[PDB]
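Worksheet for the structure shown next.
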Amino acid sequence: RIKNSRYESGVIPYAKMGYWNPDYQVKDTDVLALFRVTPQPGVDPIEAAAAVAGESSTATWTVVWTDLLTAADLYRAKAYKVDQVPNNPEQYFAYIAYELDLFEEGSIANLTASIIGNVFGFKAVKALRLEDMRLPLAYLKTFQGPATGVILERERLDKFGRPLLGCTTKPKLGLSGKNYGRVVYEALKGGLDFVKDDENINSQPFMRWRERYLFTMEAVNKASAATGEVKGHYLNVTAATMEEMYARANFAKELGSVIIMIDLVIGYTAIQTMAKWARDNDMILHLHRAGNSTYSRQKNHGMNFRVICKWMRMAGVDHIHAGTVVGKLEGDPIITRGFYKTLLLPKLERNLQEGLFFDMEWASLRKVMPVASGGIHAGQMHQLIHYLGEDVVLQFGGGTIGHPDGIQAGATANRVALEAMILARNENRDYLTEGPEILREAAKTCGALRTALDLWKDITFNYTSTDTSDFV
Amino acid sequence: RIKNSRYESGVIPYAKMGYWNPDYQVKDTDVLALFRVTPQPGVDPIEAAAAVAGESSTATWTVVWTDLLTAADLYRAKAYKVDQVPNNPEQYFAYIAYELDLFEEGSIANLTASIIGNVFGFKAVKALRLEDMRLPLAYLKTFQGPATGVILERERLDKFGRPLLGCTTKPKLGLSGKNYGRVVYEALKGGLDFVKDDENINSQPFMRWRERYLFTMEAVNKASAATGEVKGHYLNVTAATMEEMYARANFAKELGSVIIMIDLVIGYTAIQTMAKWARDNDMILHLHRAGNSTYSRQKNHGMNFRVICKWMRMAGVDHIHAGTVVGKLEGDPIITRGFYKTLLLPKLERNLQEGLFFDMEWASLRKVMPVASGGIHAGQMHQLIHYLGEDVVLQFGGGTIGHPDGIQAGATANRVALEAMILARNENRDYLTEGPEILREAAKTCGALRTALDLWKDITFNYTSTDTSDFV
Amino acid sequence: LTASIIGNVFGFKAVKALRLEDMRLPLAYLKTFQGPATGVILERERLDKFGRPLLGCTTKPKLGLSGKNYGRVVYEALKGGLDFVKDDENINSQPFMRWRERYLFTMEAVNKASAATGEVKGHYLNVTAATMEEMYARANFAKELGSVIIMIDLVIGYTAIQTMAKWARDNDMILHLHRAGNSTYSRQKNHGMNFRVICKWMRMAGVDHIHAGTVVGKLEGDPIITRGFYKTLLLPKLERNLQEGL
Amino acid sequence: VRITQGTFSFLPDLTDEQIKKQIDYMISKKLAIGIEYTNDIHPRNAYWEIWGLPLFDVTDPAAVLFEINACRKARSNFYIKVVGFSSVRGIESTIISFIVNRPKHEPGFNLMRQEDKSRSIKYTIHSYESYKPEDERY
Amino acid sequence: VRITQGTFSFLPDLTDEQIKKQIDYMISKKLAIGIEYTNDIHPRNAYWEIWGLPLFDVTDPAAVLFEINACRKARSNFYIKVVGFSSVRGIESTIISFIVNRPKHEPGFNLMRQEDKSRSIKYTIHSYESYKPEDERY
Amino acid sequence: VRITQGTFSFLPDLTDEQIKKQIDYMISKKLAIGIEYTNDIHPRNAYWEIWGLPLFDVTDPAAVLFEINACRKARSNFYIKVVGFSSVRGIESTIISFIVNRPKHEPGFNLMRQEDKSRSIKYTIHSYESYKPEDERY
Ligand SMILES: O=C(O)[C@@](O)(COP(=O)(O)O)[C@H](O)[C@H](O)COP(=O)(O)O
Ligand SMILES: O=C(O)[C@@](O)(COP(=O)(O)O)[C@H](O)[C@H](O)COP(=O)(O)O
Ligand SMILES: [Mg+2]
Ligand SMILES: [Mg+2]
Ligand SMILES: [Mg+2]
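Residue numbers (the deposited numbering), protein chains in the order written: chain A, 7 to 22, 22A, 23 to 268, 270 to 478; chain C, 7 to 22, 22A, 23 to 268, 270 to 478; chain C', 116 to 268, 270 to 362; chain U, 8 to 51, 64 to 107, 107A to 107B, 108 to 155; chain U', 8 to 51, 64 to 107, 107A to 107B, 108 to 155; chain S, 8 to 51, 64 to 107, 107A to 107B, 108 to 155. A prime marks a further copy of an entry chain.
And the structure:
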């Protein structure tokens, strides 16, 4: 017969449905998410937080009796704390807790389908941003983590104590396979550890992929024999279908490449599939975060990149681009520091200034190597070491190929600059302040660096950051 | 020896590098993109448009001589028109043209790697939104298009002349396989054409996937025998890896399911791989746009959903959620109309009010069936038919299961409401205005509908749309 | 394409004669085709030979040599200065010489010649066979031995050619087409199909080399009409020229 | 059961007055109108018998009504439906199909469950009347 | 042996007079001119060392002759070749490559025959001089 | 060639004064310090010979300098490197490795190109000195 209680048909607000509970005690097995909620005028912040919690877990817009056929009370997500954002009356920070049982083990797709599935287009919320997440130890252990990881990567390369140096081949599009290999040989022989395909170099009318792989591997091995170093080039296996990606990855495997690269734009399932492949085939997997800033640039809506850093460290990627503070792409020093910590550290401590809202143990999953790329040049070296630290791949595309005396000279300039800088750091010199002089001193012995310092001397990228801290 | 010309080392602005050309004549083979650019204070709009064009095609921050080894002039993308946005002095509409040769045939991943790859995080641009794209006939023909398509879908279902009716099972999470099948049987027998898994129902502790598939197919076939109709349930094959997705899809295939569903969150390569699979295995493929509003909600940054509609019609999906105007999720009537036209029409005409900035022929690729879902109920039927038209799947989750007299009764209410409404439309009655009365008249014969109309009578979702037209 | 254009109309009683002269294949249709597996530019890069025509040689007598003797001729010609030597179109696998011997002995000769000259050398191993599986077997053995090139005969047909063009692209193999049987329909001005049409269809299909005639040799080749063929194969855009039949 | 194949089968059986208005709709959309019938209403029975040849350029609804009534007179214990086809390039298909005649009593369908591998079943739906020869149904 | 890589290597070694005429040909075709060298003439050694940066808009042949002679002076016992590149859309590649300097005596190549499955052999060609370190060749 | 394995090998060979400062860095980070040597500098030669046992709790840099100089005295024509290991849980690896001794002249490496399927090559890099027995190198 018809029901008569909390489960009788009708619309009641999400806060009354059980998704708002300020007294909830966070269980160590819960997935916690922090949202920056801007409710519509007239919507109570608590109701908006409850609406987000409800629609990312079990609720719909009207009461459904079928809840009674489940342990409904356990499966409902609970918003347990709503605070106002420091200097913005419209925005609120809502802490929501989700039960472990709601998620499929080892699946980024299932996690995102609940957390970012529908709630960002909910009419009652004017804007919504996912800021951070606490992923519990028990959930983290169902994920592979980095295929190689920083530590093993450095052991396979026999390169320790300094950042690694890379370079995107330029022009972005248009070179042939033969010419791509030319650039790779020159840059690696000149002193770079790695060179890479640009993210949009895949297989096109001007150059199909098999030529590039064959010619690049010739160049990599020639450079290795010319230097006595392990060298590599990120062969881009991004493709339209999984079978086509596997074909490219397996050919790179056959040729003995130490590394391959994929673009975020292939999507989460393809990334997870390639992370497993890389672990099983002793291949370093580099992720280029193509498309990331489509949702991470604005403070009021989208997803903050530290969340993507957690999901990708979970997925199993070995490198991810995490920004340069001083380059041509967006990177506020304090927020970028948070990203680097997320990728490199065994345990994250809550620090409101960096936007790290939760303490989180990483369940001994391997470390992701951050990649710093875009509009950087020697000269900025002292502050690159200062903001990004030791475990990072510094990539100089234009900063190498744009050098007037040739690509080898560009590569040497960058390599000498790097080494002189961490030598000075290790000698306990205040390299931040003395930096211009350290570089100038090294330039006296290395003409290539002198010319690089003169050329790009005044190039700076002073612009106001969009993604900033709320506690400064 | 060192160069001396346009290719001598140094930094010159992107407009001087060849990416700004107001006299460029658009070739019919070009991929055209429209960006809404908000430059940083002090950056000239033309330089910002040129910067976007440059970095999505061939440029880097400094001059590289290697351009000379390519047909550089052809490969450079050209911003050819910059107009100011009607009531916003900070925003500009920039029209950029890209040569066909820059793209890999049949690959959404390669297209996006150039267009949305890096430019959205470029420091010089404060905000950036991709509004629309003109994809040329010659590029469109390298794509499969919908596996089934609207026309063939209706032929396989033997259902024509009316919208199709669906329902997401509720609660979102927590039901067992056995109970999921119960809900499916009741709703389909009661009159719905389809029922579906919720986007986050995949394989979890409370219910693994094989039980749900087995029990659901029993329910689907019982409902079919009970009605004399072809019935279906969207089995969700979303999973962490491609192999796991194939396993789920192939089991659905083995059991004779007419349809499966995937979530946008699996990513572009996995979607393209499943679109091919669906074509080869006579399976209707439904896409749920999970995660879409993370980048499509705000007018100043991200990507407008009509772009995703084009990319997914290209990829090969058969259904995609395109919004309800009157439901719980965001949907401005004029902008939503543009989305529906993009999915259903053979040729798109430029209409600034809908945000359709380009005329575009669809190269006879099949039509995607729009899905309208979220917070809708019978009662809104007359305006659902009015805004969404005939070719749409109307999905009532809460609108079916939340009915006091049971799920069968909920389903009947929705089905009778639909049929009475398009009968009235076909009789040339002004169903928009007479709608409440048409429903009231049908309710006299169908008690289930009477109760549904009474229950949700005053439920409306009046909120200000964020994604609005600029020409109203 | 051919099933519609040349399917039935050439035997239509009302038409006494009919010849397909030329076709304009639209940009949008052309993009659904692979085109040459290697193509002239990449071919020359893999061979490191630029600025001059390449030189080849069909082994003679056409039929009758053993595998061992075929390899002798290949070694001598390549060492002497030819870039390529080839199987004759009707050399496949016969009582006097089966294919595996010829492939093994030829590759020994190719590598000896390469070491003797400092050049990349090759021999067109003919993979033409009765069934697709047998062709794949021959092609894959040539692949295993490191041959830079293989050859097929037009006579295997369009589906087999397209299948091999894809194979060549996927396996970094230069694919040479010998137009065996072509002049059965292209010789007479009043009926059949002009060879420039076959040139378009084969550039579309994905072949890397096709015989296009010598003006001064033993086979038919009018200078002006042959020029049209060469333009069809080599140029990025074809301009209407009534004298060449374009 | 009540077979709910057809665009308006959850509504009462349409009167000739209602059918006439639907034919006006088909005429305004320049549809070819076809009348089809069967006594095997299996959902997958894609090809019902055609009553003559589809009426192509119809100006007067009464012509179609005449043929519907002629079919009803000759096939009283059959399912009869009216189909409207659009030859427009993106469509080239049926855009409306509704039942205009039903037999006096519909038995329903039998569901066969053949056990296959593990818990998988292969299903056969078969209308009870189609266990009788065609001439003896309904 | 005489290495016959290069467009004119079956002819006598070109005199500066002959080279000048070839550079005029490259200039009339608006080619970028590059000078490359190595002491590893393996046929598959795709990347010889570049002598500087390719000369792009060359009007005077003497400029190129000067660089060829400068390379010959600094790398006397190396193979040196002149390369002409065309940036034209259908090409974007080298269209001429010829040797302008050879060491006094070329040893040739060793052929390694590794026995693999059945009668299949895997071959390694290696120049005899490349068994010596780079600084000690020729 | 100059072998550029090691953290500071694009810089001049470090003086004992510079090495001492690097050892101070290793001591402040509580690293175990190891001294290793070889005359096979193949990049993939993961295990160089250990000179004794790694010095674990080092307070005085002079102790390490003494052992570096003792190794240099006993292995003058060998590559010698100093390695710093961190036992900290996330790391448990080498965090610095730099060359402190090089032989007077380095020949370089030979590159072998074995032709495999189609245009695929299998490569062998081998140092020229490792074609001589161990006791006769450098
Ligand atoms: O395409 C580019 O612009 C880059 O190759 C840099 O080139 P340059 O070194 O020549 O500037 C990198 O992919 C961007 O750094 C990606 O951005 P992010 O690192 O922020 O993901
Ligand atoms: O999960 C939900 O909320 C729904 O199942 C609707 O449930 P109700 O029918 O019970 O409201 C849909 O997936 C949303 O419509 C998706 O949003 P969009 O259609 O905008 O993609
Ligand atoms: Mg890049
Ligand atoms: Mg849903
Ligand atoms: Mg012959």
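Beta carbons: idealized from backbone N, C-alpha and C, even for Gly.
Distances from the alpha-carbon of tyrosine 301 of chain C to those of A:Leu219, A:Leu145 and A:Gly122 put A:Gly122 closest.
In the assembly as shown, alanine 132 of chain C' is an exposed residue. Its beta-carbon has fewer than 16 other beta-carbons within 10 Å. At a cut-off of 8 Å, the beta-carbon of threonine 330 of chain C does not count as near ligand 4: no heavy atom of the ligand is closer than that. Inter-residue distance for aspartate 49 of chain C and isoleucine 465 of chain C is about 48 Å (C-alpha atoms, whole angstroms). In this structure, the alpha-carbon of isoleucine 87 of chain U lies about 10 Å from that of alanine 93 of chain U.
Excluding the 5 residues flanking it on each side, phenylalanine 220 of chain A has same chain C-beta neighbours closer than 7 Å at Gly182, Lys183, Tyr185 and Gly186, in chain order.
When DSSP reads this structure, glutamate 132 of chain S sits in a beta bridge with S:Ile138.
Taking 9 Å as the cut-off, the Cβ atoms of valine 31 of chain A and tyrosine 85 of chain A count as close.
Excluding the 5 residues flanking it on each side, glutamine 389 of chain C has same chain C-beta neighbours closer than 8 Å at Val331, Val332, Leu438 and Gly441, in chain order. If you keep only unbroken alpha helix (DSSP H) runs of at least 4 residues inside the region 34-103 of chain A, you get 50-60 and 77-80. In this structure, the CA atom of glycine 154 of chain C is about 21 Å from the CA atom of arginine 139 of chain C. When C-alpha distances from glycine 361 of chain C are compared across C:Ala77, C:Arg456, C:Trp368 and C:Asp137, the shortest belongs to C:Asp137. According to the DSSP assignment, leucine 157 of chain C' belongs to no beta strand (DSSP E) but to the alpha helix (DSSP H) extending over 154-162.
Identification of chain S residues near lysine 258 of chain C' by a Cβ-Cβ cut-off of 8 Å yields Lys134 and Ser135, ordered along the chain. For a Cβ distance threshold of 9 Å, residue set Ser181, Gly182, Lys183, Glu216 and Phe220 of chain A lies close to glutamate 160 of chain C', ordered along the chain. The beta-bridge partner set that DSSP reports for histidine 325 of chain C' consists of C':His292.
Beta-bridge pairing by DSSP links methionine 320 of chain C' to no other residue.
By the Cβ test, the region 109-119 of chain S is not in contact with the region 197-208 of chain A, since fewer than three Cβ pairs between them sit closer than 8 Å.
These are the residues, in chain order, with a beta carbon less than 7 Å from any non-hydrogen atom of ligand 5: C':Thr173, C':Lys177, C':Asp203, C':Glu204 and C':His294. Taking C-alpha positions only, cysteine 172 of chain C' is separated from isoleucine 138 of chain U' by approximately 25 Å.
By the criterion of a C-beta distance shorter than 6 Å, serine 105 of chain U' is surrounded in its chain by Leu38 and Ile112, once the five residues flanking it on both sides are discounted. Note that the region 371-384 of chain C touches the region 317-331 of chain C; at least 3 beta-carbon pairs, one per stretch, sit closer than 8 Å. For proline 376 of chain C, the secondary structure class from DSSP, reduced to helix, strand or coil, is strand. In this structure, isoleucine 277 of chain A sits away from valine 242 of chain A, with a CB-CB distance that is not shorter than 9 Å. Residue state for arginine 134 of chain A is assigned as strand, using DSSP reduced to three classes. Residue pairing of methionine 309 of chain A in beta bridges, as defined by DSSP: A:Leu135. Not one heavy atom of ligand 2 sits closer than 8 Å to the Cβ of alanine 449 of chain C. Residues of chain C' whose Cβ lies closer than 7 Å to the Cβ of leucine 128 of chain U' are, in chain order, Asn226, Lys227 and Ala230.
CA-CA distance, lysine 177 of chain C' to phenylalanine 402 of chain A, rounds to 59 Å.
Looking only at C':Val188, C':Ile290, C':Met320 and C':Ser299, the smallest Cα-Cα distance to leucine 335 of chain C' is reached by C':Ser299. Think of a sphere of 7 Å around the beta carbon of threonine 147 of chain C: the chain C' residues whose beta carbon falls inside it are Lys146 and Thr147, in chain order.
In the structure shown, the three-state DSSP call for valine 235 of chain C' is coil.
Between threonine 34 of chain A and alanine 143 of chain A, the beta carbon gap of about 5 Å places them in contact (Cβ cut-off 8 Å). Counting along the chain, the unbroken alpha helix (DSSP H) around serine 35 of chain U starts and ends at 23-35.
The beta carbons of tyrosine 155 of chain U and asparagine 46 of chain U sit about 6 Å from each other, so the pair counts as a contact at 8 Å. Between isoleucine 99 of chain S and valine 117 of chain S a beta carbon distance of about 5 Å is seen, short of the 8 Å cut, so the two are scored as contacting.
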